[PDB]
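Report on the following structure.
Cβ atoms come from the backbone with ideal geometry, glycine included; neighbour counts cover every protein chain shown. Read-outs throughout are calculated quantities, based only on the coordinates presented, and are distinct from any laboratory measurement.
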Number of protein chains: 2
Amino acid sequence: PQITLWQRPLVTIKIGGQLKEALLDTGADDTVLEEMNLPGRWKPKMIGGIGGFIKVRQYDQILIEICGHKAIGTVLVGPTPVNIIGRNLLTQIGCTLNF
Amino acid sequence: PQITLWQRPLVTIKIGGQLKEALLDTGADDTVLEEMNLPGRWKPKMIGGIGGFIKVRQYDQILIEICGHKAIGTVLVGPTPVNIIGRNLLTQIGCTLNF
Ligand SMILES: COc1ccc(CN2C[C@H](O)[C@@](Cc3ccc(F)cc3)(c3ccc(S(C)(=O)=O)cc3)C2=O)cc1
């Protein structure tokens, strides 16, 4: 699809057998999901943004279905206010900006 | 232009007679610029994101030239780590997401 930006670019995703809504975020290097039940091992990590840093859990090779496109990659889980699909997954679904 | 997301979508902007680089950020409702010398009055404001909240100064009707497209709107100035062009200005230059 083509998506204009008058509203937040939210899409439905399926991850870990669960359905969530997430923001397509060209300003996010990484994908960061609200606290949720993901299976497997992980590695602690810190990420920064506006207002400071948060500790997250880093899961690799996680399958996400993003508005019907499948992608595999790193997903961070932690105290984010909104589910964020970052560039590590946006490139996998062929997402571009256009103006 | 069409912009892929393998790298940060940075563009050159001109604001207040100054040249800066800024991130085209579909995940940002607002435009937030690193501390910089803007003229005029303002109103204090708080914004939130990953890692918490920051206080910014809100300037309205600011002219920004974003990769050669002119836009006028609200610009926030404060302790952001990166210059962010948010959706309030992205809609004005006709920016879309495509996948
Ligand atoms: C490294 O991997 C990451 C890092 C951060 C995030 C969370 N992100 C993505 C938002 O693009 C961003 C922009 C931003 C990103 C990095 C950074 F160092 C500084 C800023 C943002 C900007 C403005 C607004 S606002 C107040 O206008 O709504 C909201 C969000 C943010 O904080 C995810 C992954």
Residue within segment A:79-89 that is more than 7 Å from chain B (Cβ to nearest Cβ) and of a type in the set (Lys, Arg) present: no
Considering B:5, B:63, B:97, which residue is away from the ligand (no atom under 11 Å from the Cβ), assigned to a strand (DSSP E or B), more than 13 Å from the chain's Cα centre (by Cα) and surrounded by 12 or more Cβ atoms within 10 Å (Cβ to Cβ)? B:97
For segment B:34-45, give me each residue that is more than 27 Å from residue A:98 (Cα to Cα) and surrounded by 12 or more Cβ atoms within 10 Å (Cβ to Cβ). B:36, B:38, B:42, B:45
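Yes/no matrix, rows are residues, columns are (1) in contact with a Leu (Cβ under 7 Å, 6 or more places away or on another chain); (2) within 14 Å of chain B (Cβ to nearest Cβ):
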| site | (1), (2) |
| --- | --- |
| A:34 | no, yes |
| A:38 | no, no |
| A:50 | no, yes |
| A:77 | yes, yes |
| A:97 | yes, yes |
Considering each residue of segment B:66-84, count those that are surrounded by 16 or more Cβ atoms within 10 Å (Cβ to Cβ) and out of contact with any helix residue (DSSP H, G or I) (no Cβ under 9 Å at 6 or more places or on another chain), and give that number. 7
Is it the case that residue B:51 is among the small types (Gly, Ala, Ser) and touching a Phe, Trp or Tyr at 6+ places or on another chain (Cβ under 9 Å)? yes
Within segment B:8-25, considering residues that are more than 8 Å from the ligand (Cβ to nearest atom) and touching a residue at least 60 places away in the same chain (Cβ under 8 Å), the one surrounded by the most Cβ atoms within 10 Å (Cβ to Cβ): B:24
Enumerate the pairs (first residue in segment A:72-99 and touching a residue at least 12 places away in the same chain (Cβ under 8 Å); second residue anywhere and crowded, with 19+ Cβ neighbours inside 10 Å and in a helix (DSSP H, G or I)) with beta-carbon separation below 6 Å, excluding pairs fewer than 6 apart on the same chain, so at least 6 apart or on different chains. A:73/A:89
